[PDB]
Structures are given as C-alpha cells and as structure tokens.
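Enquirer: Below you'll find the structure I mean.
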Amino acid sequence: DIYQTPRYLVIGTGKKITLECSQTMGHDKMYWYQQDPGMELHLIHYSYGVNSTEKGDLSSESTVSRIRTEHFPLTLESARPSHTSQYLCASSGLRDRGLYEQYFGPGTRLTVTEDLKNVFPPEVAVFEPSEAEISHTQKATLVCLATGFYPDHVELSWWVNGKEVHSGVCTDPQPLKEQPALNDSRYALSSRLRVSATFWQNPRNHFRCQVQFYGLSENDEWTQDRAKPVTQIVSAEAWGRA
Amino acid sequence: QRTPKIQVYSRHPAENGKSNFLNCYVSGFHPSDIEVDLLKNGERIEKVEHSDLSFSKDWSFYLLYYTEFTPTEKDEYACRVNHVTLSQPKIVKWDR
Amino acid sequence: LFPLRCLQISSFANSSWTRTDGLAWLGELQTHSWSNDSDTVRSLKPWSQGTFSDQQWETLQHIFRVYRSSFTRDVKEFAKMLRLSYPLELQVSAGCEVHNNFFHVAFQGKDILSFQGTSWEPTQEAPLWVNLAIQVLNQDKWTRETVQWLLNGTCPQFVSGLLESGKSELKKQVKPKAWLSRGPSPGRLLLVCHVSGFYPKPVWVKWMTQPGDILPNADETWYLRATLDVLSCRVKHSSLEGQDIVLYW
Amino acid sequence: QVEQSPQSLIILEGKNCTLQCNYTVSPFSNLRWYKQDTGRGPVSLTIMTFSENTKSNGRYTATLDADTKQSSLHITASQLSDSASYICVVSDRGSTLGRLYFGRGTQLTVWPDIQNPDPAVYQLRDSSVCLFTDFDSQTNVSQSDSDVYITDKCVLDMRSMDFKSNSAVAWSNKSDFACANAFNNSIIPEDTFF
Ligand SMILES: CCCCCCCCCCCCCCCCCCCCCCCCCC(=O)N[C@@H](CO[C@H]1O[C@H](CO)C[C@H](O)[C@H]1O)[C@H](O)CCCCCCCCCCCCCCC
Ligand SMILES: *[C@@H]1O[C@H](CO)[C@@H](O)[C@H](O)[C@H]1NC(C)=O
Ligand SMILES: *[C@@H]1O[C@H](CO)[C@@H](O)[C@H](O)[C@H]1NC(C)=O
Ligand SMILES: [Mg+2]
C-alpha cells in the first residue's frame, strides 16, 4: 500500500524534476531516502504529517511538499548529472504486533543526461542453438541480445509460444557499456533460454524475445529527424528448426 | 509572563555587632531565567549562598538567597534582581 | 499527611543550550536534589533512602539518567514538528501520598497534560497542538507501563520506607521567638510584628491586619511578618503547648 | 552506531549461513531485519524487542541478545533466490518520535553446486556470438579492449527437470572473431571443448 510513479525516468540537464509517492493508508510519518547503486540508504527528507517537511541526514539540492496526507512529492529545482540515483519512499505505522514498522515503496530510477539526442531505443536480435551442444548435452540454448540503448532502463522477458516462462532463463544483472570511455555511452544486455534438444527441433515452436524500454514521454521536446525514442517494446524471434 | 516579588529580612533580631543571617526571597516569577544579587553599601556581595530553584502550585518559581553578616549602624544592605519582565533592575533595601 | 513531590525544570535557550534540574520534597522537608551538571540524584538527609536497598536504589538511579537525556531530545524534536519557538520552559510535578498519585506537565507555566490511569491525557483548557503531542506520546507502550509501575508501586513503597526512617525529623518541634518594630508611616503609623525561627510550618499570628507570607530560613525554620495600620501581638504554635506568645506595644 | 558483518560473502546453494548485526544505540527499543533484491525496495523480514530472544519468518530466523547488543540472522537451506542485500536497522524509541539507524547492508551471493560440469564453448548464428556454458562456480569470467564485449557469469535453472548451469556470452564488432580466442583473459579449465 505504497506507490511510486514512474518506475524509470530519463531527463535532460538543467530541467525540473518531480517524483511521485503515494500511500492508501493514513500513516502520518513518511520518509525519502536516496541510494546510490551498491551502497547504503541515506535519509534526505521526512515528514511528521501535513505541512511538516524536515531536511534529513544528507544535504541535497532537493525539496519536498506535504500538502495532503497520502502524497509526498520530491522535487529537483534544476537537475544536474550528479542527481543520477535511485530514490525510495517509505512510511511508519502500527502493524502485526503492537509496534510501529516501516514499509518501503518500490522505488524509482532516475538518469540525468546532458542532451536528449543521446537517447536511443535498443536493437534486438535472437541467436539460434549450436549443433555441437545438441549432440553433446541433448540441450539447446537460445540467446537474445539487446544493443545500442540509452539510458539503461530496460526490462527483458522470454516468450515461449505466446506464454511468458521463467524456467531455464537467465538475464544479466546489469547492462554493460559499449564504449566505457564516454560519460554518455550506450549499453548492451544479454539473456539466455535453455530447453531440451527435443523441444527445440519441433517446428511448431515459436521463440520470441522481448525488451521493454523506458524512454521519452509525451511532453518532451524533440527537434531531431529520427523518431522520438519514446517508451516502447522491441522484439526478435525464432522458429524450431530440424 | 510573571514578575517577581522581592522580600528582605533577617534570621535574628538585628543587634549592632552581633552575628546574623541576611535573607532575600524572590518569588512568583516566570520564566526561570533570573539574576539575583545581595548588595552591601551598593556593591554585590560575592560570597553568597542560595537554595535550589523550585516552584509553587501555580507553576511560578521561587528562590532564597542568604549570607552571614554583622549589622552596623552605618552599613546599608539591599537586594537587586533583574528579570525579563523588568524595565531596569529592581532594588529593595533592607529596612532596619 | 506527607505527600512526596518530585519536581523538574527543563529550560531550552536555543536548540543547542539546555538545562534540566530536579528536586524532591517530603512534606516541607527537601530530601533529594539533582542538577544538570551531575550523573546522579543526590541524597540530602541520612534517611533519604528510606527502606530501599542499594541495588533497589541504583536501579532508580539508572532510570532517571536514561529519562533526562531522552526527555531533552524528545522536546527538541517536538519543537520542529510543532514549530514552536525558543526559548521553551517545561516543568513536571510527580509523586503520591500514602493514606493515590499524580504526574502533571506544564509548558510556559501553564498546564498542558498529565498521566491518568495508563496513558497521557490533555488538560481542559489546552491548545490544539497538544493533541499532536498526546497522539505521539501514547504510542510508547513501554514508557506508559513504566510510569504506571513507578506511581502505583515504586513510589508508595518508597514513601513508607521514608516515614519509618525520618520519624524524628518529621515529628520535631522548634520554638519561635518574636519582636515588634516601627515601619514607614502611611498622622498614621505602622506596627510590624516579627515571628521567626519556628518549625513545622503551620502557624497562627494576628493583631488583637495584614498577615504576611511565610518566608523560609536557611536552616529549614520559617519566618513571619504581620503588620497593622494605625494593641498586642499574639502567636499560637504547636511547639507552644497552648501557652501563646503575647507581646505588647 | 549500527554495524553489520560481513561486508559481503559468497556461498553455494543448499548451505546455511549466519549474518551479524552490532549496535551501540542507547536507549534501545526494537530491531528489524530487511531483505533487498537488486533494483527493488527492502522487504520486512522480522522485528524484535528486548524481551524476545527469537523470531522465525519462514526459513529465516533472527535472534537478539539485548545484553551484548547483537542480533543474528540465520538462513536455513540457502537457494539462488536468497541472493540479495540484507539490511538491519535499530530504533531508539517505541514511537515515531524515534531515530532510525541503518547498517551498510550485507551482500549475499548464492551460486549453484555444479556437481557434474561439462565446460564447452559454442558459436550460435544470427536471426555470430560465442557462448561459454556449463562450468562450475569456482570458475570466473574476466572482462576485456573496446571492440570486444564479454558478459558476467550467470545461472539458469531448468526447474521442470532438476538442472542448473552457468553460462557467459561474448561477441565483437570485428569480422574476425573466433571462439578459441573469445575468453582469453579469463582462466578456463583445461578440458574445455571446441
Ligand atoms: C516518580 C515517582 C517515584 C519517585 C521515587 C524516587 C524518589 C527520588 C526522587 C528524586 C527526584 C527526581 C527528579 C524529579 C523527577 C520528576 C519526575 C520524573 C519522572 C520520570 C519517569 C521516567 C520515565 C520512564 C520511561 C522513560 O525513561 N522513557 C524515555 C525513554 O523511552 C525509550 O527507551 C525505553 C527503554 O528504556 C523504551 C521506550 O519505548 C523508548 O521510547 C522517554 O523517551 C521519555 C519520554 C517521557 C516524557 C513524558 C512526560 C513529558 C511529556 C513530554 C513533554 C511535552 C512535549 C511537548 C512540548 C514540547
Ligand atoms: C543559545 O543560548 C545560550 C544562552 O544564552 C547562548 O550562550 C548560546 O550562544 C546560544 N546559542 C545559539 C545557537 O545562539
Ligand atoms: C546540561 O547537561 C548537558 C548534558 O550533560 C550538557 O551538554 C549541557 O551543556 C548542560 N547545559 C548547561 C551547561 O547549561
Ligand atoms: Mg492522520
């Protein structure tokens, strides 16, 4: 019962940013944490109720507002590249026992870029099982591959004949950078799907790999010629051979 | 809020030349931040004792300052008190 | 009857400067003292501990310590939430008496709350912001249970220990002395009557009139000063088995 | 104010572990253990006060010795889904007026107990990319050079038929990439098929 929209967010440098957080219970106490990847939670703001907005154990350039019990928006006056991080909302209230537990929202990932022309949707391709593997393990491995996307806001899923599976699936914990030098570089990401040798050689089987991309929105500027890199889905598929 | 009442008196009847105690009792004030001095011939007596700050049923504060002294005909004693409610420091002479 | 009163004064200058000092009276006698510059409650009489053991007493010593530091920080944080302005004065008056108890809290010298039954309740003429404070205080179950135990069980057991231990000093009698004087004229005059050096406190002085306040001496004896605008002065007291102190002008 | 131990540790599936949490917080009200999966919010596991020395939430079991200000989280029969960050937080009041103190977290990686390995390097075709698969967890994959890309090692679980495998993937933009040269910077078992 605590919500954070959106889940992902791209934005250009020097613009304003607002981060939504909402809760359907009536808890007065609420908190905003900022957490950089592979590290600790730092409190940046909190509130004891409406009109209460106290700075937390960290000096950020952000501000909050509590005009309504259920909503606690975080706001960045003017975004810089150093504001790229993960932001978690939380609340406190009486629960299962006679104590006041803390409950966390799901979080939002924010990437701040220097220019919107840096944003690209991914390209996807599926590669097909090797012959050596089949007559050696009696198993066959499909490999999906997404390249050329920015930012790293991507959710991948495998679809076996129009039904999403989870067995025999593996996906990279983090995308890698195509050009590790440039401060604004594109990313790639790979996933694996493994099935029995027999299931692969049945030609009624259709294997489709799908990538969810979170990019630009309806109210962003765009003076380029190429299509707007809006939030979209990119696919790549394969059929069972002999 | 509340302004202090000051009362000066002595432990025993004052006979010139015999040892006695000089008391100053400030009370009925609020807040608790206050300065209190026993004066001998216009100058602050640096060797004075006092009671622990305390309060009455109506939440107002009260204090007793005291010192040993030997009365003489010529000596003039008093009690000075400054408190946020006062324009300038109030001074109450001990009537012989 | 001899009620035990535990008094506290906590003053907050700004958010960095604060003080908390405390004291305990058993009837008119003061039995304990406790300053900001000290990690212990100080005993004053050779019977101040009553019929409590050292281990028992040390446990009390440990509770007050934890409480003084916590009270302080709870108040600074309440200041933000409630947006109150510095300076701030808070006072507490807690205790009981052997035949019921009490625990009142004041802010800027006016009652705001108190501990009834098993929880905190506001006072009839209190601000709205007190509702916020009462709402938070009533979440701490362990503290609410601890104040009950202290008032319903620890205090009454303590007071008795004192009474069978300080029976000499409590049932002690001191005889006053008295004298007359001539104050500042209002052809009127001012007849001043001085009665000093008596104990216990309850006294009786009239002109046979402005009967003054009872003022303290530094040896736990008292002093009185009744006046008249214009004759005899008469003083009754327990120490004087009926035989009153009559002084003529 | 609140410390956790270790910083990180790597175990294999099927084994038990124990995580520590030490605090100097005074006064003490209660202590919670949270579990955070990568890119998600923390999830409440348990909360304990001083008058309790044990609480069990599924395969997780927390104890709390208030006298030495320590609590330990004990995971029974670990598995791949126990890979996460484990945080411990202490509160110094039994109300919302308290202060919360966080540990830096502990990262826990759980690898498959690959009993019968068969390390090979295959080449799959487009619809060209080298696949390093089916090795054990004592083997690590090194990175690259700009024109060549190599992925971290990763576990898939074919649950229907009780089988798990480690795999990694490499590729390059150059039109002369070979599988025998793909994983050059990494240490490969001498019995790797080609
Ligand atoms: C008092 C009767 C018995 C007396 C027997 C001894 C005789 C000797 C007396 C010597 C004189 C003593 C000096 C005068 C004392 C005045 C009365 C003091 C009463 C002290 C009660 C002790 C409270 C015990 C509970 C306590 O310490 N609790 C603390 C720790 O609690 C924490 O830590 C706990 C773990 O220990 C767990 C708990 O869940 C956790 O939250 C709490 O943080 C303290 C909060 C108590 C404040 C309530 C009253 C004031 C109301 C607030 C002010 C208004 C604010 C709005 C305006 C700004
Ligand atoms: C707070 O008040 C005290 C007492 O007047 C003073 O000495 C101190 O400098 C003050 N601190 C601030 C932050 O003004
Ligand atoms: C009172 O005691 C506190 C805690 O020991 C201390 O930090 C503070 O300076 C003291 N306040 C004074 C000296 O008025
Ligand atoms: Mg509410």
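Residue numbers in this text run from 1 along the chain shown.
The backbone N, Cα and C atoms fix where each Cβ goes, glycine too.
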Enquirer: Please pick, from C:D74, C:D111, the residue that Swiss-Prot records in the D-galactosylceramide site together with C:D140, C:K141, C:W142, C:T143.
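Expert: Of C:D74, C:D111, C:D74 joins C:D140, C:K141, C:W142, C:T143 in the D-galactosylceramide site that Swiss-Prot records.
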Enquirer: Have a look at Swiss-Prot and say which candidate in C:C96, C:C233 forms the disulphide with C:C155.
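Expert: Going by Swiss-Prot, C:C155 is disulfide-bonded to C:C96.
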Enquirer: If you count other C-beta atoms within 10 angstroms, which of the recorded positions C:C96, C:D140, C:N152, C:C193 is the most crowded?
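Expert: The largest 10 Å Cβ neighbour count belongs to C:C193.
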Enquirer: What's the most sparsely packed of the recorded positions C:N14, C:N36, C:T143, counting other C-beta atoms within 10 A?
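Expert: If we count Cβ atoms within 10 Å for the recorded positions C:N14, C:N36, C:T143, the smallest count is at C:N14.
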Enquirer: Using Cβ atoms and a cut-off of under 8 Å, determine which of the recorded positions C:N36, C:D74, C:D140, C:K141, C:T143, C:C193 neighbour chain A, and list them by sequence position, or give 'none'.
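Expert: Qualifying residues, whose Cβ lies under 8 Å from chain A: C:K141.
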Enquirer: Short of 8 angstroms on C-beta distance to chain B, which of the listed recorded positions (C:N36, C:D74, C:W142, C:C155, C:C193) are there?
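Expert: Filtering C:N36, C:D74, C:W142, C:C155, C:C193 for a Cβ under 8 Å from chain B leaves none.
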Enquirer: Ten-angstrom check, please: count other Cβ atoms within 10 Å of the Cβ of C:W142 (D-galactosylceramide binding site), all chains counted.
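Expert: There are 15 such Cβ atoms around C:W142 (D-galactosylceramide binding site).
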Enquirer: Helix, strand or coil by DSSP: which one applies to C:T143 (D-galactosylceramide binding site)?
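Expert: It is helical.
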Enquirer: Record lists C:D74, C:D140, C:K141, C:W142, C:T143 as binding D-galactosylceramide; longest Cα-Cα distance in Å?
Expert: 16
Enquirer: Hey, which of our recorded positions C:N14, C:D74, C:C96, C:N152, C:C155, C:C233 end up with a Cβ under 8 Å from chain D?
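Expert: Checking chain D against the recorded positions, the residues within range (Cβ-Cβ under 8 Å) are C:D74.
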Enquirer: Out of C:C155, C:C233, which of these disulfide-bonded residues shows the lowest number of other CB atoms within 10 Å of its CB?
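Expert: Among the disulfide-bonded residues C:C155, C:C233, the lowest count of other Cβ atoms within 10 Å belongs to C:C155.
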